[PDB]
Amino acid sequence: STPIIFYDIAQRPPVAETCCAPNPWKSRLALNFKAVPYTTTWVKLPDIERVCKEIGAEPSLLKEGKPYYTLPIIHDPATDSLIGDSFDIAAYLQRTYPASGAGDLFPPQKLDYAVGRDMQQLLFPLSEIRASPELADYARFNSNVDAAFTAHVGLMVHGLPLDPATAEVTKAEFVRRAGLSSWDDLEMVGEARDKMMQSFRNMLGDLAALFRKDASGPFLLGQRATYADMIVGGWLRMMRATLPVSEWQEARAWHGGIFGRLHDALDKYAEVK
């Protein structure tokens, strides 16, 4: 009678079928993989706040210097811990339940994606803190993947669920906030969308190199899943929920079908309990 409480973002009813926030999906995949009992509290919030909690920039390494929590949040009665931030949640789960579920979320592996892309901050660090060894490669991958998908999030904006009673009003505030004239701008249509789609496909191409290397299965380590697969997998769950049907089908099929097969392989961990 003490399961983990998992705070997730309520979308449109039925909340279990419409959930689309990428960071909560990452943690949900990790929780299901670890087979640790949890229950979901579905947080209701107005448009704009919900968009902000869903995507939208973190305040700007170690939680011992962060006074804040982003969603998802877990309360674990077993240790009376309260943890925000998907990455800290995955780390906590593996530290606290190392032998439970499907195995180890964080085995040693090479995550050579976007190496050197952060050169400006390596020369000029915003903090000499954290970089918790053993996890440093996974934390860097999480940061880089998040930045790469966030650079393409305009493709998913049309599909971000809005309350039909406030939708028109919130649409009219986002435009204005931006110096724009239409919701068609922002939402992205026509040539700007075509160019973003091509960029997105190129971005997934670089990411796909890592999932190609061990071709014996869809995960980075072949048939063995890790948290790094779930970092990407959470964004795929958001894409599935928010891209137009035709565009999700194209993206599933780019690069010989790599991300389609990864998405399908994560189905076993994707139960919305």
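Just count from 1 along the sequence shown to find any residue number.
Per the record, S216 and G217 are directly connected, with no deposited-sequence residue omitted between them. Of the two stretches examined, 175-183 and 162-170, the record assigns the greater average C-alpha temperature factor to 175-183.
Legend: mean Cα B-factor per stretch from the PDB entry, 120-128 versus 138-146; the higher mean is in 120-128. Out of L210, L31, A241, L62, the entry records its largest CA B-factor for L62. Between the residues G222, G205, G56, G234, it is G56 that shows the highest Cα B-factor in the PDB record.
Residue-level temperature factors show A99 in the highest third of its chain, judged at the C-alpha atom.
Among the modelled residues of its chain, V51 has a C-alpha B-factor that falls in the middle third according to the deposited record.
When the CA B factors of the chain's modelled residues are split into thirds, the value for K44 lands in the middle one. Annotation for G154: C-alpha temperature factor in the middle third relative to the rest of the modelled chain, per the entry. In this PDB entry, the Cα temperature factor of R193 sits in the middle third of its chain's modelled residues.
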